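Take a look at the structure below.
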Amino acid sequence: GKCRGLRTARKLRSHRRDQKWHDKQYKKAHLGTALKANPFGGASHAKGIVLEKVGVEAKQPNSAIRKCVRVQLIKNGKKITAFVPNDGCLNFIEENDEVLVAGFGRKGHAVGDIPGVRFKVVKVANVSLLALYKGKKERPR
Amino acid sequence: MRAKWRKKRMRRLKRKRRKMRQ
Amino acid sequence: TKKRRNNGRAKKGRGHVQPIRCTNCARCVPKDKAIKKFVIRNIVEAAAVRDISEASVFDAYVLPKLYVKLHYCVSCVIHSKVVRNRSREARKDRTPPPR
Amino acid sequence: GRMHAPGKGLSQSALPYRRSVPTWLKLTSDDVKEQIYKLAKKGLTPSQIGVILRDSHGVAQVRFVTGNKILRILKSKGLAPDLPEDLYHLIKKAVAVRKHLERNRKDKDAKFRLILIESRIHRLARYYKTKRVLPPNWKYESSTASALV
Amino acid sequence: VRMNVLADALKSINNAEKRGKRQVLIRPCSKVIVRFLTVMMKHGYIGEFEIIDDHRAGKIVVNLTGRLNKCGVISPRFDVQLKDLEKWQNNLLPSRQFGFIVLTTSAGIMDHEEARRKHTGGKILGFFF
Amino acid sequence: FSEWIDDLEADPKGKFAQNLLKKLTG
RNA sequence: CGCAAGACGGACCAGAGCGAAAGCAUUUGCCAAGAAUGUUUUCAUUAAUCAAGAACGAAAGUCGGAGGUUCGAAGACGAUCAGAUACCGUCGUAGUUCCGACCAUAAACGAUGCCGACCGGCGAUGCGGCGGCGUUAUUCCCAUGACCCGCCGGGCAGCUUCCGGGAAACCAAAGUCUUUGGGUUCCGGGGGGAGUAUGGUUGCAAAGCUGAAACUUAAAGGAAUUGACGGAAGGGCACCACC
RNA sequence: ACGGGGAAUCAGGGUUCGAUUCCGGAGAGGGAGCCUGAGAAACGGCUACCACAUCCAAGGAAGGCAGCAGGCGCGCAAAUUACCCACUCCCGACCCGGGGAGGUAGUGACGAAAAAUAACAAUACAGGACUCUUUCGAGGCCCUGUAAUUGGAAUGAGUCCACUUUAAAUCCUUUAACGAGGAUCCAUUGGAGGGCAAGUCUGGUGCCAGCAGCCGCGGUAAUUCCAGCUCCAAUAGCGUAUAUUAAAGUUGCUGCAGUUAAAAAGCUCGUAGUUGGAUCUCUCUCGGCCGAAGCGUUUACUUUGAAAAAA
């Protein structure tokens with residue numbers, strides 16, 4: 001059992017502090033390896049340059065080709081795969097253009113069928129993918 | 001796989017690595 | 001999950017029980033876990049008893065018996081039908097079969 | 001339970017409610033003191049003295065006839081041993097175990113029991129040192145122990 | 001070994017009350033145990049009890065009236081100020097209409113209501129309801 | 001009314017299963 | 001019919017005993033321990049659990065020495081098989097044995113830390129103690145042995161129970177837990193990566209202790225239920241089964 | 001990782017944040033050394049070196065925006081090279097001068113507060129019911145909705161005067177003029193299988209395109225893609241990513257677990273650590289109905305009092 005003594009404050013606090021390191025979220029948020037291995041470097045978004053268009057095959061139960069792009073981040077030169085969300089939206093992207101990329105919503109985790117893809121394209125050429133999708137804006141010339 | 005044979009494979013790997021790094 | 005409260009043995013109050021060799025397969029089985037049979041059988045069969053008693057030079061010689069101790073392992077004891085599987089409730093029963 | 005054994009024995013003396021000298025006992029307090037002095041001069045420890053006072057002289061409890069405990073009586077008269085009886089007996093047992101172990105060096109059980117006995121010796125010595133019965137410099141050694149016995 | 005003889009006493013009372021027994025034997029007794037039992041009695045939770053005097057430490061035969069739901073000890077004896085008394089009441093008592101937290105204060109051993117009346121904190125010994 | 005009850009009993013674990021079970025009462 | 005060697009102590013042998021655990025079974029002697037019981041003996045809080053540290057620690061394995069019966073990793077053959085680098089068989093090295101020095105690991109298990117209190121019943125059994133009809137032995141008296149009937153104290157367990165608990169299996173503890181606090185140590189935080197890499201430490205080695213991260217993943221898993229299946233057992237039926 | 005006051009969250013306990021206007025510290029590209037002075041190891045002072053960099057007639061000279069604006073660069077990420085000493089205060093020799101301190105405007109969907117996008121009548125229409133016979137029907141006697149029906153009333157968004165504001169100003173407030181029937185002066189952002197409120201309606205596609213935080217939807221009748229219609233959620237706002245808090249009694253002090261789900265060290269001993277059985281119910285002096293110097297062994301605890309920056 002646990003120690004219940006008026007002078008056990010140090011032991012209880014030390015035990016709590018050591019046992020917190022066995023929590024995956026606490027260890028992730030307090031070690032620095034996750035922060036240093038995060039391609040965004042702790043940011044919410046990052047700008048990158050599209051290196052090529054790729055088609056990632058959905059996981060085994062489903063069957064589709066998710067259109068993604070290989071982008072190299074300007075901040076650190078790291079290469080990542082960013083999903084191009086909507087349909088026909090890969091047509092809005094051209095090679096070697098600047099894209100603003102956010103996370104996929106699961107904090108470094110793959111989302112849905114797309115295996116190993118944790119980023120999604122938010123902007124291409126300083127215009128949001130949603131504005132191009134609905135015809136609100138057109139690609140800069 | 002039987003866990004003890006996985007342990008045996010790991011130990012043989014460690015011996016091979018020890019031979020690697022003398 | 002636990003099938004038996006005694007773990008299929010009688011090792012209560014000790015740490016180690018000396019092993020014995022199965023009479024059938026020679027497998028090493030703890031002496032308290034092995035299934036023990038004591039067979040006291042007439043040294044001549046019930047068929048040969050008539051000829052042997054008729055040919056005896058004595059009158060009422062009474063043939064000697066044969067006292068054999070068999071220590072089956074669980075696999076061999078189950079295969080030889082010396083013991084068999086029982087229902088979860090009937091497993092707890094410890095009275096020997098009436099025979 | 002036991003300090004160094006898994007036993008949980010309950011056997012012990014059960015003292016009666018009354019704290020008075022029994023009716024059968026005609027011995028006065030000074031007579032009991034003189035008997036205690038003679039027994040101590042004979043070379044008997046307070047446990048032994050109480051045993052033979054209870055067993056042959058009808059003295060159920062010396063404290064209820066004299067008003068003092070046997071060890072205190074011996075200290076007051078001045079013929080009490082240098083070190084206490086229980087510690088002396090523990091040291092004697094440890095010396096005996098060590099003497100056995102020198103001629104029987106493969107007895108791991110003897111080594112385990114000697115460790116237990118020496119732990120008991122150290123606990124008793126620490127207690128007696130806090131109570132100032134033993135000098136603060138008193139220490140138990142593996143060589144001078146037989147001298148104290 | 002045995003520590004907190006009050007804990008053992010209250011555990012014995014609780015286990016006897018769960019079993020429906022009319023009496024419980026508490027041993028060893030103590031001043032704290034007797035004061036706690038008296039505080040229990042003035043509120044009508046246990047009724048009369050008797051102290052058997054053996055010449056080493058007392059025993060107590062407590063008659064049990066089946067009015068007791070839970071008697072418990074709070075170990076360690078946390079020091080409680082008047083401000084924290086409401087939090088302790090919320091934590092330990094089933095309702096604000098009944099149930100008492102027993103504290104040892106410099107004015108003696110008493111329930112939390114009497115501690116508020118005397119305007120004193122103390123160390124929490126236990127609770128009963 | 002009983003339409004949801006009846007279409008549920010046709011396919012208890014079909015596509016229209018959570019919908020109909022919720023539509024019964026929620 | 002003998003002789004020699006080494007190994008091992010059958011049956012008795014038990015849900016019996018002892019030991020901290022590992023473990024412990026021919027006789028006799030010596031040696032030092034030990035629990036429990038008994039105690040109107042003694043001390044008088046001397047205690048519980050414990051970082052550090054220390055003793056012991058199956059088997060296998062590692063160094064030297066002795067021995068070397070059996071069995072036997074490896075190995076050599078012979079079989080079986082589509083193939084067998086296995087299962088089976090004949091040999092057979094290390095080892096298995098003892099001595100000294102290492103190693104410190106096991107499903108080292110009750111998969112259940114230790115100390116303390118309370119909470120049902122019953123019949124057994126081991127040790128000690130107490131009481132008592134009666135039987136039997138020491139030729140006859142008490143004592144004492146062997147039984148018989150009870151009681152008490154610790155112990156290995158068992159059965160039973162709507163104590164209570166629990167996801168249940170089950171557990172008189174795994175109960176006295178939202179009516180949550182007796183004391184204390186160790187230790188877990190979804191599954192893998194992985195007890196891995198790395199550093200440190202220990203070891204002659206084999207390895208032991210400490211011990212991640214990147215990455216990956218929606219489940220792994222526990223108990224129980226219904227089916228289906230089984231080269232599992234037991235029953236029953238049928239000339240599309242047999243006699 | 002500047003610290004604190006403090007902030008977010010929070011049943012109780014807690015968890016996280018605090019560069020950031022107030023207090024304290026530190027620094028002025030990095031180091032170091034000084035002058036002056038009451039006060040500086042000052043940098044909108046000097047002296048060097050190190051890095052970077054400006055002008056040069058090549059001999060030399062001159063640097064320090066982590067002040068206010070404004071550039072570059074970096075990035076997901078942050079505004080004007082504006083006006084004024086009128087306020088608040090500060091400095092000076094000074095009622096008078098000066099202050100990018102500070103104030104005022106500009107940009108501003110960081111956030112927070114209030115708050116429009118219609119209201120009311122008649123007309124019939126889908127209309128109900130304590131209106132009534134007898135359920136059948138009359139339905140201006142008690143209220144919604146078809147509205148490309150009708151009708152006048154109201155008003156501010158806007159434009160524009162005059163004040164007022166203020167150091168000129170702007171804004172708000174006030175006054176007048178014009179200003180509303182698709183009142184086209186036209187509300188959006190996400191969704192409609194479950195979680196989770198709202199369609200197994202229609203067309204298209206056909207494991208494709210895609211959707212989908214999760215479970216899953218899609219392979220010719222898709223309640224889930226792409227659309228149209230309709231519907232609901234919040235609303236001048238709403239979605240997304242990341243971080244964080246509650247949810248998490250999934251860090252458990254309150255308050256978790258450890259037979260089999262993850263887990264008690266193989267086993268004892270043992271120091272520190274933690275924990276530890278009963279017991280014990282106010283006196284010498286001074287100015288005659290007072291006043292006290294105290295050592296009663298202290299500590300924890302509890303209660304009171306003092307002191308404790310505002311925000």
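Lettering of chains follows the sequences in order, A, B, ..., and the numbering in each one begins at 1. All heavy atoms count here, side chains included; hydrogens, waters and symmetry mates do not.
With the cut-off at 3.5 Å for both distances, H:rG45 forms a Watson-Crick or G-U wobble pair with H:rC34. In this structure, H:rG273 forms a base pair with G:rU49, meeting the Watson-Crick or G-U wobble definition at 3.5 Å. Under a 3.5 Å limit on both donor-acceptor distances, the bases of H:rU189 and H:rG237 fail the Watson-Crick or G-U wobble criterion.
In this structure, G:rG61 forms a base pair with G:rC102, meeting either the Watson-Crick or the G-U wobble geometry with both donor-acceptor distances under 3.5 Å. The partner of H:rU165 is absent, by the rule that a Watson-Crick or G-U pair needs both atom distances under 3.5 Å.
Counting distance only, with no hydrogens placed and no angle test, the side-chain atoms of C:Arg14 and the base atoms of G:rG17 include a donor-acceptor pair under 3.5 Å. Side-chain atoms of A:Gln19 and base atoms of G:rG189 include a donor and an acceptor less than 3.5 Å apart. If you check distances only, the side chain of B:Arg17 never reaches the base of G:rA197 with a donor-acceptor pair under 3.5 Å. Between the base of G:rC186 and the side chain of A:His15 there is no donor-acceptor pair shorter than 3.5 Å.
Between B:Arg11 and G:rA206 there is no side-chain N or O to OP1 or OP2 distance below 4.0 Å. Residue D:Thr45 places no side-chain N or O under 4.0 Å from the OP1 or OP2 atom of G:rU42. Put simply, C:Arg21 has no side-chain N or O that comes within less than 4.0 Å of OP1 or OP2 on G:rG10. The shortest distance between the side-chain N/O atoms of D:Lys108 and the OP1/OP2 oxygens of G:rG57 is below 4.0 Å.
The local environment of CD in D:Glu102 is crowded, with over 12 non-hydrogen atoms from other residues, nucleotides or ligands closer than 6.0 Å. Around CZ of D:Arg2, the count of heavy atoms belonging to other residues, nucleotides or ligands within 6.0 Å exceeds 12. Within 6.0 Å of NZ on B:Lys7 lie no more than 12 heavy atoms contributed by other residues, nucleotides or ligands.
If you check every strand for non-hydrogen atoms under 4.0 Å, A:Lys27 touches sugar and phosphate atoms only. When heavy atoms are screened at a 4.0 angstrom cut-off, E:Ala7 is found touching the sugar-phosphate backbone but no base atom. Looking at heavy-atom distances under 4.0 Å, E:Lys11 makes contact with a base. Using a 4.0 Å heavy-atom cutoff across all strands shown, C:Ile20 reaches no nucleic acid atom at all. Using a 4.0 Å heavy-atom distance criterion, A:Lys20 is classed as a base contact.
Both A:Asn38 and A:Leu130 lie close to RNA chain H; mapped to their nearest nucleotides by heavy-atom distance, the more 5′-ward contact belongs to A:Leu130. Mapping A:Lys11 and E:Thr120 onto RNA chain H via the closest heavy atom, the residue that lands nearer the 5' end is A:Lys11.
The existence of a salt bridge linking D:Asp109 and D:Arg113 is confirmed by a sub-4.0 Å separation between a basic side-chain nitrogen and an acidic carboxylate oxygen.
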